[PDB]
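A quick write-up on the structure given underneath.
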Amino acid sequence: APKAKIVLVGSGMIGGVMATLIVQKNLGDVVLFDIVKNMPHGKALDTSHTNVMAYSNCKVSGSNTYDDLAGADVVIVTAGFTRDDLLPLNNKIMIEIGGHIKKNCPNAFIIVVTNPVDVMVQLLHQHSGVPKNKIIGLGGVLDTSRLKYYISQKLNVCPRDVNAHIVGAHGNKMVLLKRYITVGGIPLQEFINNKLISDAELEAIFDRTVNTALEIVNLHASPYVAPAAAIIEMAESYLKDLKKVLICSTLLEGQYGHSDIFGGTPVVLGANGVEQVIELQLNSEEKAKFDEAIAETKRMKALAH
Amino acid sequence: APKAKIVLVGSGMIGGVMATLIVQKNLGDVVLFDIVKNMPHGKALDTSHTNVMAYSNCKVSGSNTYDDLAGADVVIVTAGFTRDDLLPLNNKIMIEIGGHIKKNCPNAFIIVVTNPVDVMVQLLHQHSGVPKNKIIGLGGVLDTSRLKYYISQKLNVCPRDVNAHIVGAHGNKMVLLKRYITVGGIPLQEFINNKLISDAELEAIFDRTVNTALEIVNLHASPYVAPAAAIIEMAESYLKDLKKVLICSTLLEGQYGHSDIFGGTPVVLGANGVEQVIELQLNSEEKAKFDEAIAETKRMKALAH
Amino acid sequence: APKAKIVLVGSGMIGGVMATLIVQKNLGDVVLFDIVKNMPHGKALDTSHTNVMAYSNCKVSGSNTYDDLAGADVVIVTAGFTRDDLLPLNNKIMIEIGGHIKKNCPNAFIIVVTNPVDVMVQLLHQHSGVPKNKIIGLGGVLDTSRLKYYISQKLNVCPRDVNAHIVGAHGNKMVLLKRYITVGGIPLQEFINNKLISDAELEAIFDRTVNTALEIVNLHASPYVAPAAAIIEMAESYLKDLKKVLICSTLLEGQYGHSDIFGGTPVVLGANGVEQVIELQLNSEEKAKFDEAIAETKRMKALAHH
Amino acid sequence: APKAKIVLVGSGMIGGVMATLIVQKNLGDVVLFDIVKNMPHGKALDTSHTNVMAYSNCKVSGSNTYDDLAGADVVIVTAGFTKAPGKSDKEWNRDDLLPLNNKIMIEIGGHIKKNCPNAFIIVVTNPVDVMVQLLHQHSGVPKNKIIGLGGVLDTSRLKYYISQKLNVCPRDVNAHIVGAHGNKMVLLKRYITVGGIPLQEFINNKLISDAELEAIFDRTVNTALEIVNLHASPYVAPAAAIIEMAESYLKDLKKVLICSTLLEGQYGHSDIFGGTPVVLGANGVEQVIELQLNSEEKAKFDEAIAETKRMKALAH
Ligand SMILES: [Ca+2]
Ligand SMILES: [Ca+2]
Ligand SMILES: [Ca+2]
Ligand SMILES: [Ca+2]
């Protein structure tokens, strides 16, 4: 039973990090695909040597052809133009990639990163024909990583012991659910009651979370290390059948009162892809914000067509 | 620099697994101490060879003298007779061990496993003179691992994505708190509302959790693999300054309306030992069960003296 | 893919360690099989809880039925009586286990631990009908771990930076090859010439390596932790297609001038099982020792056959 | 107790990968230091979020001040000129960067001496064997506490290429490249093993040919150039090699790793740094292993050292 084959459609900064992490974790053979000539081969060569340091045995190859999607177990899509004017252009890219997925790897697990993700993931779902349980978009794992981390540094606890939920869409309409924040499994409100962190501090953290991509772009460049790690967490849960509860963009079929659209919600990721879609029991305020996120996704989807 | 020194006071079944895991994780040099002659040297020799398989470099040594406590960074006490008649006998074991700790490693971080833990950890605290933030008892990490695991199997999610709190005492008066169970950070109640698990199933799991040690004894022996892993999780948090929120038996100084006694509650474990003691905001009914647990610890503490 | 299924035929102390390490490494679901009713279920329950501590998701189940070999990807055989009087008794056990492997998992990767391993592995091969690339015996990984570790102590280097080769058979006739010892890839002779370790010290280490099991038993302990870790290293190389070079008991078909017998030699373990069998280019002195090891394996196999 | 503090002097592509791997392995708190404004803070912020995914707790911060060297346990220097400022590719050569990077080593060395005189220093600035000695001289750090990257990176290429011809786990190939990190690197064919077995046995069995090896050797020496010619650049493997060295130090692993270290008579050389196997543990360079080289190998070692000396003379 051979290694998983993981094809990275897009070999930019996020691609490079993903390939690095895949080798570190010995997750599978890697293809770095890009339309840019030669570059993916150079990155692939550089990364391949790290098998020695990592005590791994993963092949890492570059590619300039979609034909290398053949036999892929996991496809991660970061390719795309980098706002509203790009929607129809990136739709065409999803049509192209989707057609190649359909013929080369129709049973692959597909993770879409191309922004705006909630729109682009549905466009690829439609153009590739893959089942709803085998395609998801990056969102909540990345967004909550910021919220979890910032709260952890205020409370002086292990970052992953903060859990949190951000839903609806990946972008400015992301819905931060204060009521669903826990610290070591304990409601955050208890820490607020004890004066360990204030409502004002939290509002500042919420604002920072929403604007993190902009903050980092202003300082340096579009974030890529945390996005890569978030994607690999998702990919690993699939490949190792870990059944982790992770927030991703997934097809809504009545959840939150919505359908024929993708939105961010907790899901269980295992060997069968999206094994469960978990509908949070939202109150009216939270729901209202969820609906606003979906409306913005629907608006941009209309423009993409 | 140099490596941590971890002394296992008791080289029985739990000790053997601890030494194995320490080498796997390259956590520090190990001393397997026991009153039984030769045996700890034999287990140490066997375990030491696993450095090759593990790509680690941890010394593993046997000992029959408390002088090997000299320079210990972590001390883990599993020694003791294995009910109420044993309390004064194990009190004398805690007096002996405490005296040697005070002499050889007064600044070590101490983890007590000797049952009943909540009593024995306080006795060792009093006889060793160590600070209250440097001595804890095994309890909630082990007890909650059972609860978390059983729920994860019913819901088909990653075991560690279930978080749960069991407090008060490690033993038959352990307090299982339904309200503080989460799944991927989502309250367990949501899953109950969705009919994914019933309250009857949950009650059965609660009963199974309380009686797990007995169940395992009736099939084999007093559990040792999970206890060992739970202890190493705690020791690792200390040694690597992870600041994990872990439930342990710790000195209460007013929390839950109790003092001059040790009880199970969530704490933060990092380089400074017990960095925080977290008091759950229990309702009156939960608090009443907590008081029953403490009452029993106090009852047995009186008999120990 | 769904997880690998690993069936431990024998759930003694060695099995417990194997199950523990499998969960730590998230290597696959685990079945603790044994011929006593309750114990494997007890051990399985205890170990299953460690998924929480390990952030793993491996099922750990007890079993009293060979039907649980169905769907097995790896089968690790430690069952048997625990000297030459035991040979035909354990052969009878290999006949039964081999029959159930043939029936339930004819293409599983089989690792045999039951002593004497070079005899027992061939017996199971014959009684199971599994291909020669899918059945190996524990030996060299364990024996060399001892030699590697003791040398590393003397020289004060990382234990795994010592590499060494012990071949022929797992047991008292094991052939320690001084010529194939390296430290960080550097021949050990350089360290001897430099007076960092002496020939006398090395001889003592060789003696200690051969007698390690006896030493541990004389210390009122039982050797099972390192044997378990060695077996898991082998199983992992197979399951993750690492293609590690590991010394295991394997079917010889001409190598070293021997055939129709299993002996210890470096092999490459990957997704196709034994992908390569590496024959060390031994000199006449080393060859003669190898021959003594094989002769002893043949002697014991004759006592085992029915 | 508490965590090690690791300061990355230089927050470029190698720095970025290093920070990522440090968090993955929970090795220590990280400081991304650079002269460039804002960028190290942005990289640090991005990387810090990965603590959640990795179940780690390493602080990652950006810095534009040498004050952050205070309390450093490990200092990794990737800073330096890789091209002549404002010059086109045709009017500078490698030798021109030597006196410029000397001045950088003087500056960094002075701040190390002031702020962390006993930190473990790993120098990556090319050509390493020159620059590590310059930093040693300008910082006054003890000889057991300063090393240069070379052999771990160069051998990873050779080990990897051989492994894919022989179809074995990459790390089961062991190999030694010594003398210097650069075009004069000395590939020791005689010392290559595969699962501890001399490579020659595999050549004897026709599993790989002398010609194949010779092509592999040439590819190893020219890998950096091959990667640059493919419109990429080598920073992932360099970062992983550096972290393997730092990890051996911080975890007291006592791994045998080939690094640039001060020679005090080994191979007949002194007052110079060169690549040789060392043992890295809690006391830094715990052992310097002198290989018993034959004449052809010794000749190439001497050539590598002569080139390092030539470049050092220009750097001064
Ligand atoms: Ca984004
Ligand atoms: Ca108990
Ligand atoms: Ca044996
Ligand atoms: Ca270079």
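Each chain of the structure tokens is named A, B, ... in the order shown, its residues numbered from 1; ligands are numbered from 1 in display order.
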Could you pull out the residues sitting within 7 Å of ligand 2, using only C-alpha atoms and all ligand atoms, and write them as a PDB file with C-alpha atoms, in the first residue's frame?
```
ATOM      1  CA  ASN B 115      -3.076   5.912  46.510  1.00  0.00           C
ATOM      2  CA  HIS B 170      -8.968  10.760  42.552  1.00  0.00           C
ATOM      3  CA  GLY B 171     -11.054   7.750  43.576  1.00  0.00           C
ATOM      4  CA  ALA B 213      -9.497   0.677  37.564  1.00  0.00           C
TER       5      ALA B 213
END
```
Using only C-alpha atoms and all ligand atoms, which protein or nucleic acid residues are at most 9 Å from ligand 4, as an NGL selection string? :D and (124-128 or 149-150 or 153-154 or 181-182 or 224 or 234 or 238)
With N, CA, C and O atoms retained, write the just-selected residues as a PDB file, in the first residue's frame.
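Below you can see again36.pdb, which holds the result:
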```pdb
ATOM      1  N   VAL D 124      26.470  30.966   9.177  1.00  0.00           N
ATOM      2  CA  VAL D 124      26.007  30.509   7.876  1.00  0.00           C
ATOM      3  C   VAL D 124      26.520  31.404   6.743  1.00  0.00           C
ATOM      4  O   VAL D 124      26.621  30.960   5.599  1.00  0.00           O
ATOM      5  N   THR D 125      26.827  32.657   7.071  1.00  0.00           N
ATOM      6  CA  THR D 125      27.398  33.615   6.120  1.00  0.00           C
ATOM      7  C   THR D 125      28.506  32.995   5.267  1.00  0.00           C
ATOM      8  O   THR D 125      29.486  32.482   5.802  1.00  0.00           O
ATOM      9  N   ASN D 126      28.353  33.055   3.942  1.00  0.00           N
ATOM     10  CA  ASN D 126      29.308  32.446   3.017  1.00  0.00           C
ATOM     11  C   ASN D 126      30.477  33.397   2.699  1.00  0.00           C
ATOM     12  O   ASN D 126      30.294  34.622   2.673  1.00  0.00           O
ATOM     13  N   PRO D 127      31.688  32.850   2.483  1.00  0.00           N
ATOM     14  CA  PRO D 127      32.074  31.451   2.631  1.00  0.00           C
ATOM     15  C   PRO D 127      32.268  31.116   4.102  1.00  0.00           C
ATOM     16  O   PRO D 127      33.029  31.803   4.805  1.00  0.00           O
ATOM     17  N   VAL D 128      31.578  30.077   4.556  1.00  0.00           N
ATOM     18  CA  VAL D 128      31.412  29.840   5.986  1.00  0.00           C
ATOM     19  C   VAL D 128      32.729  29.723   6.755  1.00  0.00           C
ATOM     20  O   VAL D 128      32.886  30.314   7.824  1.00  0.00           O
ATOM     21  N   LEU D 149      28.153  26.194   9.477  1.00  0.00           N
ATOM     22  CA  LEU D 149      27.410  25.252   8.659  1.00  0.00           C
ATOM     23  C   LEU D 149      28.276  24.770   7.499  1.00  0.00           C
ATOM     24  O   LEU D 149      29.021  25.544   6.896  1.00  0.00           O
ATOM     25  N   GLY D 150      28.182  23.486   7.188  1.00  0.00           N
ATOM     26  CA  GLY D 150      28.778  22.980   5.957  1.00  0.00           C
ATOM     27  C   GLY D 150      28.388  21.555   5.690  1.00  0.00           C
ATOM     28  O   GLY D 150      27.485  21.280   4.890  1.00  0.00           O
ATOM     29  N   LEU D 153      24.741  20.030   5.569  1.00  0.00           N
ATOM     30  CA  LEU D 153      24.021  20.413   4.369  1.00  0.00           C
ATOM     31  C   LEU D 153      24.564  19.684   3.139  1.00  0.00           C
ATOM     32  O   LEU D 153      23.804  19.061   2.389  1.00  0.00           O
ATOM     33  N   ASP D 154      25.873  19.770   2.931  1.00  0.00           N
ATOM     34  CA  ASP D 154      26.487  19.152   1.759  1.00  0.00           C
ATOM     35  C   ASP D 154      26.276  17.648   1.733  1.00  0.00           C
ATOM     36  O   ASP D 154      25.950  17.102   0.681  1.00  0.00           O
ATOM     37  N   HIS D 181      33.114  24.363   3.043  1.00  0.00           N
ATOM     38  CA  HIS D 181      31.768  24.439   2.483  1.00  0.00           C
ATOM     39  C   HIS D 181      31.848  25.398   1.309  1.00  0.00           C
ATOM     40  O   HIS D 181      31.965  26.611   1.493  1.00  0.00           O
ATOM     41  N   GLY D 182      31.793  24.846   0.104  1.00  0.00           N
ATOM     42  CA  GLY D 182      32.002  25.618  -1.122  1.00  0.00           C
ATOM     43  C   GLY D 182      32.574  24.700  -2.182  1.00  0.00           C
ATOM     44  O   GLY D 182      32.582  23.486  -1.999  1.00  0.00           O
ATOM     45  N   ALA D 224      23.707  23.986  -5.187  1.00  0.00           N
ATOM     46  CA  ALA D 224      23.267  25.366  -4.978  1.00  0.00           C
ATOM     47  C   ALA D 224      23.070  26.064  -6.329  1.00  0.00           C
ATOM     48  O   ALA D 224      22.045  26.713  -6.561  1.00  0.00           O
ATOM     49  N   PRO D 234      18.300  27.964  -2.581  1.00  0.00           N
ATOM     50  CA  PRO D 234      18.344  26.968  -1.525  1.00  0.00           C
ATOM     51  C   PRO D 234      18.273  27.609  -0.149  1.00  0.00           C
ATOM     52  O   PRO D 234      19.190  28.319   0.262  1.00  0.00           O
ATOM     53  N   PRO D 238      19.215  24.175   3.878  1.00  0.00           N
ATOM     54  CA  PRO D 238      20.137  24.865   4.780  1.00  0.00           C
ATOM     55  C   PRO D 238      19.534  25.077   6.176  1.00  0.00           C
ATOM     56  O   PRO D 238      20.185  24.755   7.184  1.00  0.00           O
TER      57      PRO D 238
END
```
Select the residues contacting ligand 1 at a distance of at most 9 Å, based on only C-alpha atoms and all ligand atoms, then format the selection as a PyMOL selection string. chain A and resi 113-117+138-139+142-143+170-171+213+222-223+227
Within range 83-287 of chain B, find each residue whose DSSP state, derived from the backbone, is alpha helix (DSSP H), and express the selection as a ChimeraX atom specification. /B:86-104,117-128,140-155,188-193,199-210,212-219,225-239,284-287
Return as an NGL selection string every polymer residue, whether protein, DNA or RNA, with at least one atom no more than 12 Å from an atom of ligand 3; count only C-alpha atoms and all ligand atoms. :C and (14 or 78 or 82 or 112-118 or 120 or 137-143 or 169-174 or 209-214 or 216-217 or 222-224 or 226-228)
Which residues of chain B are close to chain C, meaning at most 7 Å apart when you count only C-alpha atoms, and how do they look as an NGL selection string? :B and (38-39 or 41-43 or 46-47 or 49-53 or 55 or 57 or 145-146 or 149 or 158-160 or 216 or 219-220 or 223 or 225-226 or 229-230 or 233)
Pull N, CA, C and O atoms from the residues just selected and write them as a short mmCIF file (atom, residue, chain, number, x, y, z; two decimals), in the first residue's frame.
```
data_model
loop_
_atom_site.label_atom_id
_atom_site.label_comp_id
_atom_site.auth_asym_id
_atom_site.auth_seq_id
_atom_site.Cartn_x
_atom_site.Cartn_y
_atom_site.Cartn_z
N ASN B 38 18.16 -5.43 42.64
CA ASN B 38 18.50 -5.90 41.29
C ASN B 38 17.49 -5.51 40.22
O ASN B 38 17.89 -5.01 39.18
N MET B 39 16.21 -5.76 40.47
CA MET B 39 15.16 -5.55 39.47
C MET B 39 15.21 -4.18 38.75
O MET B 39 15.10 -4.12 37.53
N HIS B 41 17.75 -2.34 38.20
CA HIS B 41 18.92 -2.34 37.32
C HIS B 41 18.64 -3.11 36.02
O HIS B 41 19.10 -2.72 34.95
N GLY B 42 17.91 -4.22 36.14
CA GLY B 42 17.54 -5.03 34.98
C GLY B 42 16.57 -4.31 34.04
O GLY B 42 16.77 -4.32 32.82
N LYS B 43 15.55 -3.66 34.59
CA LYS B 43 14.62 -2.86 33.79
C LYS B 43 15.32 -1.67 33.14
O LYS B 43 15.03 -1.33 31.99
N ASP B 46 17.47 -2.96 30.08
CA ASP B 46 16.54 -3.24 28.98
C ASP B 46 16.07 -1.94 28.33
O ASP B 46 16.11 -1.78 27.11
N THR B 47 15.64 -0.99 29.15
CA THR B 47 15.10 0.27 28.63
C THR B 47 16.16 1.13 27.92
O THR B 47 15.88 1.78 26.91
N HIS B 49 18.63 0.42 26.02
CA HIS B 49 18.89 0.03 24.62
C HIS B 49 17.94 0.71 23.62
O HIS B 49 18.30 0.91 22.46
N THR B 50 16.74 1.06 24.09
CA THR B 50 15.76 1.73 23.24
C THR B 50 16.21 3.13 22.80
O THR B 50 15.59 3.69 21.90
N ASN B 51 17.25 3.71 23.41
CA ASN B 51 17.82 4.96 22.89
C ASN B 51 18.15 4.86 21.39
O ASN B 51 17.98 5.83 20.65
N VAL B 52 18.61 3.68 20.96
CA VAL B 52 18.97 3.45 19.56
C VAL B 52 17.74 3.55 18.65
O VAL B 52 17.74 4.30 17.67
N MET B 53 16.70 2.80 18.99
CA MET B 53 15.45 2.82 18.23
C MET B 53 14.81 4.22 18.26
O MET B 53 14.22 4.64 17.26
N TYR B 55 16.26 7.29 18.63
CA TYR B 55 17.21 8.38 18.33
C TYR B 55 17.29 9.36 19.49
O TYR B 55 17.31 10.58 19.31
N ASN B 57 19.06 10.19 23.60
CA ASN B 57 20.27 10.03 24.38
C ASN B 57 20.00 10.32 25.85
O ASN B 57 20.50 11.31 26.41
N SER B 145 -8.94 11.12 30.96
CA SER B 145 -8.56 10.36 29.76
C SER B 145 -9.56 9.26 29.45
O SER B 145 -9.88 9.04 28.28
N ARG B 146 -10.08 8.60 30.48
CA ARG B 146 -11.09 7.55 30.30
C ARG B 146 -12.38 8.14 29.77
O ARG B 146 -12.94 7.64 28.78
N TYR B 149 -11.93 9.49 26.24
CA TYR B 149 -11.84 8.39 25.30
C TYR B 149 -13.20 7.75 25.02
O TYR B 149 -13.58 7.58 23.86
N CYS B 158 -11.71 12.45 17.24
CA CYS B 158 -10.39 12.29 17.84
C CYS B 158 -10.49 12.34 19.36
O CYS B 158 -11.07 13.28 19.90
N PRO B 159 -9.94 11.34 20.06
CA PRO B 159 -10.02 11.31 21.53
C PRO B 159 -9.63 12.61 22.22
O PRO B 159 -10.37 13.08 23.10
N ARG B 160 -8.54 13.23 21.82
CA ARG B 160 -8.13 14.46 22.49
C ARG B 160 -8.95 15.69 22.14
O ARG B 160 -8.82 16.71 22.82
N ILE B 216 -10.45 -3.05 34.95
CA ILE B 216 -9.17 -3.53 34.44
C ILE B 216 -8.57 -4.57 35.39
O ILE B 216 -8.07 -5.60 34.93
N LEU B 219 -10.05 -7.85 34.82
CA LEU B 219 -9.55 -8.45 33.59
C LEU B 219 -8.05 -8.79 33.66
O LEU B 219 -7.61 -9.72 32.99
N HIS B 220 -7.26 -8.04 34.43
CA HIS B 220 -5.80 -8.21 34.42
C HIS B 220 -5.11 -7.78 35.72
O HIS B 220 -4.75 -8.62 36.55
N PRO B 223 -4.26 -0.86 36.49
CA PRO B 223 -3.81 -0.19 35.25
C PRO B 223 -2.42 0.42 35.40
O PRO B 223 -2.07 0.87 36.49
N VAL B 225 -0.38 1.54 31.98
CA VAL B 225 0.02 2.24 30.76
C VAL B 225 -0.54 3.67 30.74
O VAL B 225 0.21 4.63 30.57
N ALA B 226 -1.85 3.81 30.97
CA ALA B 226 -2.48 5.14 30.97
C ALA B 226 -2.01 6.00 32.15
O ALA B 226 -1.74 7.18 31.97
N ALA B 229 1.36 7.36 31.13
CA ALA B 229 1.27 8.38 30.10
C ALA B 229 0.76 9.70 30.67
O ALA B 229 1.20 10.77 30.26
N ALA B 230 -0.21 9.61 31.58
CA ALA B 230 -0.78 10.79 32.24
C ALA B 230 0.29 11.52 33.05
O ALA B 230 0.41 12.74 32.99
N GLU B 233 2.75 13.23 30.70
CA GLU B 233 2.16 14.46 30.17
C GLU B 233 2.36 15.63 31.14
O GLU B 233 2.73 16.74 30.73
#
```
Excluding residue 179 in chain C and its own-chain neighbours fewer than 4 positions away, which residues fall within 9 Å of it when counting only C-alpha atoms? Please give them as a list in words.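 Using only C-alpha atoms, the neighbours found are residues 164, 165, 187, 188 and 189 of chain C.
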For a quick test of understanding: name the residues of chain D lying within 6 Å of chain C when counting only C-alpha atoms, and present them as a PDB file with C-alpha atoms, in the first residue's frame.
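Listing of out_30.pdb after writing:
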```
ATOM      1  CA  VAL D 168      16.889   3.021   0.588  1.00  0.00           C
ATOM      2  CA  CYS D 169      15.895   5.411   3.357  1.00  0.00           C
ATOM      3  CA  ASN D 174      26.047   8.103   5.672  1.00  0.00           C
ATOM      4  CA  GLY D 195      23.008   1.023   6.443  1.00  0.00           C
ATOM      5  CA  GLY D 196      26.519   0.912   7.836  1.00  0.00           C
ATOM      6  CA  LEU D 253      22.166  14.532  21.810  1.00  0.00           C
ATOM      7  CA  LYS D 254      25.932  14.204  21.144  1.00  0.00           C
ATOM      8  CA  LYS D 255      25.289  13.576  17.465  1.00  0.00           C
ATOM      9  CA  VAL D 256      28.308  13.238  15.185  1.00  0.00           C
TER      10      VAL D 256
END
```
Atom pair CA of residue 84 in chain D + CA of residue 274 in chain D, distance 25.8 Å
Å distance separating CA of residue 297 in chain A from CA of residue 77 in chain A, one decimal place: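 It comes out at 18.8 Å.
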Please determine the contact residues of chain B with respect to chain A at a cut-off of 7 Å, counting only C-alpha atoms, and supply them as a PyMOL selection string. chain B and resi 157-158+161+163-164+180+182+184-186+190+242-245+268+281
May I have the selected residues written with N, CA, C and O atoms, as a PDB file, in the first residue's frame?
```pdb
ATOM      1  N   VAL B 157     -14.962  10.832  17.041  1.00  0.00           N
ATOM      2  CA  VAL B 157     -14.063  11.972  16.894  1.00  0.00           C
ATOM      3  C   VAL B 157     -12.715  11.632  17.530  1.00  0.00           C
ATOM      4  O   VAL B 157     -12.597  10.656  18.268  1.00  0.00           O
ATOM      5  N   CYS B 158     -11.709  12.446  17.238  1.00  0.00           N
ATOM      6  CA  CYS B 158     -10.386  12.286  17.838  1.00  0.00           C
ATOM      7  C   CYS B 158     -10.488  12.343  19.363  1.00  0.00           C
ATOM      8  O   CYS B 158     -11.070  13.282  19.904  1.00  0.00           O
ATOM      9  N   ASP B 161      -9.801  15.601  21.119  1.00  0.00           N
ATOM     10  CA  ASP B 161     -10.766  16.663  20.858  1.00  0.00           C
ATOM     11  C   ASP B 161     -11.913  16.695  21.889  1.00  0.00           C
ATOM     12  O   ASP B 161     -12.642  17.681  21.963  1.00  0.00           O
ATOM     13  N   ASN B 163     -12.765  17.313  25.607  1.00  0.00           N
ATOM     14  CA  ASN B 163     -12.209  17.793  26.867  1.00  0.00           C
ATOM     15  C   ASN B 163     -13.258  17.633  27.955  1.00  0.00           C
ATOM     16  O   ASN B 163     -14.453  17.692  27.693  1.00  0.00           O
ATOM     17  N   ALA B 164     -12.797  17.417  29.175  1.00  0.00           N
ATOM     18  CA  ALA B 164     -13.681  17.094  30.281  1.00  0.00           C
ATOM     19  C   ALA B 164     -12.970  17.394  31.587  1.00  0.00           C
ATOM     20  O   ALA B 164     -11.748  17.441  31.648  1.00  0.00           O
ATOM     21  N   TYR B 180     -19.028  20.742  31.927  1.00  0.00           N
ATOM     22  CA  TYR B 180     -17.688  21.095  31.460  1.00  0.00           C
ATOM     23  C   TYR B 180     -17.101  20.085  30.452  1.00  0.00           C
ATOM     24  O   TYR B 180     -15.874  19.949  30.341  1.00  0.00           O
ATOM     25  N   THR B 182     -16.639  19.183  26.512  1.00  0.00           N
ATOM     26  CA  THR B 182     -16.691  19.760  25.185  1.00  0.00           C
ATOM     27  C   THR B 182     -16.155  18.770  24.146  1.00  0.00           C
ATOM     28  O   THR B 182     -15.431  17.819  24.476  1.00  0.00           O
ATOM     29  N   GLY B 184     -14.352  19.181  20.397  1.00  0.00           N
ATOM     30  CA  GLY B 184     -13.792  20.213  19.513  1.00  0.00           C
ATOM     31  C   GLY B 184     -14.130  21.620  19.994  1.00  0.00           C
ATOM     32  O   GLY B 184     -14.334  22.524  19.182  1.00  0.00           O
ATOM     33  N   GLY B 185     -14.194  21.795  21.316  1.00  0.00           N
ATOM     34  CA  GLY B 185     -14.537  23.076  21.929  1.00  0.00           C
ATOM     35  C   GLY B 185     -16.030  23.394  22.001  1.00  0.00           C
ATOM     36  O   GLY B 185     -16.415  24.465  22.486  1.00  0.00           O
ATOM     37  N   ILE B 186     -16.864  22.487  21.499  1.00  0.00           N
ATOM     38  CA  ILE B 186     -18.314  22.662  21.455  1.00  0.00           C
ATOM     39  C   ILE B 186     -18.908  21.896  22.631  1.00  0.00           C
ATOM     40  O   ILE B 186     -18.564  20.728  22.830  1.00  0.00           O
ATOM     41  N   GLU B 190     -24.692  20.076  23.031  1.00  0.00           N
ATOM     42  CA  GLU B 190     -25.132  20.235  21.638  1.00  0.00           C
ATOM     43  C   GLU B 190     -25.324  18.874  20.968  1.00  0.00           C
ATOM     44  O   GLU B 190     -26.278  18.676  20.222  1.00  0.00           O
ATOM     45  N   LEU B 242       5.351  24.101  28.911  1.00  0.00           N
ATOM     46  CA  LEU B 242       4.238  24.112  27.971  1.00  0.00           C
ATOM     47  C   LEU B 242       3.054  24.927  28.471  1.00  0.00           C
ATOM     48  O   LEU B 242       2.310  25.475  27.671  1.00  0.00           O
ATOM     49  N   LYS B 243       2.898  25.023  29.792  1.00  0.00           N
ATOM     50  CA  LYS B 243       1.780  25.754  30.404  1.00  0.00           C
ATOM     51  C   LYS B 243       0.433  25.151  29.999  1.00  0.00           C
ATOM     52  O   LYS B 243      -0.561  25.863  29.775  1.00  0.00           O
ATOM     53  N   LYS B 244       0.398  23.820  29.931  1.00  0.00           N
ATOM     54  CA  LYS B 244      -0.840  23.110  29.683  1.00  0.00           C
ATOM     55  C   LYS B 244      -1.767  23.244  30.882  1.00  0.00           C
ATOM     56  O   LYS B 244      -1.307  23.299  32.027  1.00  0.00           O
ATOM     57  N   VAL B 245      -3.067  23.277  30.597  1.00  0.00           N
ATOM     58  CA  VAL B 245      -4.090  23.232  31.630  1.00  0.00           C
ATOM     59  C   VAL B 245      -4.386  21.747  31.849  1.00  0.00           C
ATOM     60  O   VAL B 245      -4.917  21.070  30.955  1.00  0.00           O
ATOM     61  N   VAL B 268      -2.308  25.137  35.815  1.00  0.00           N
ATOM     62  CA  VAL B 268      -1.406  25.396  34.696  1.00  0.00           C
ATOM     63  C   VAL B 268      -0.010  24.952  35.103  1.00  0.00           C
ATOM     64  O   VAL B 268       0.533  25.430  36.099  1.00  0.00           O
ATOM     65  N   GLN B 281     -16.145  27.598  38.428  1.00  0.00           N
ATOM     66  CA  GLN B 281     -17.276  28.298  39.025  1.00  0.00           C
ATOM     67  C   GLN B 281     -18.477  27.356  39.074  1.00  0.00           C
ATOM     68  O   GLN B 281     -19.412  27.448  38.293  1.00  0.00           O
TER      69      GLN B 281
END
```
Considering only C-alpha atoms, tabulate each residue of chain B that lies at most 7 Å from chain D along with its nearest interatomic pair and the corresponding distance in Å to one decimal; arrange the rows by chain and ascending residue number and present them as a Markdown table.
```
| residue | atom | partner | partner_atom | distance |
| --- | --- | --- | --- | --- |
| B:1 | CA | D:282 | CA | 5.7 |
| B:2 | CA | D:282 | CA | 6.0 |
| B:3 | CA | D:252 | CA | 6.8 |
| B:56 | CA | D:253 | CA | 6.8 |
| B:57 | CA | D:253 | CA | 5.5 |
| B:239 | CA | D:1 | CA | 6.5 |
| B:240 | CA | D:3 | CA | 7.0 |
| B:241 | CA | D:2 | CA | 6.6 |
| B:242 | CA | D:57 | CA | 5.6 |
| B:271 | CA | D:1 | CA | 5.1 |
```
Taking the DSSP assignment computed from this structure's backbone, write out as a ChimeraX atom specification all residues of range 37-145 of chain C that belong to strand (DSSP E). /C:60-63,74-77,109-112,135-137
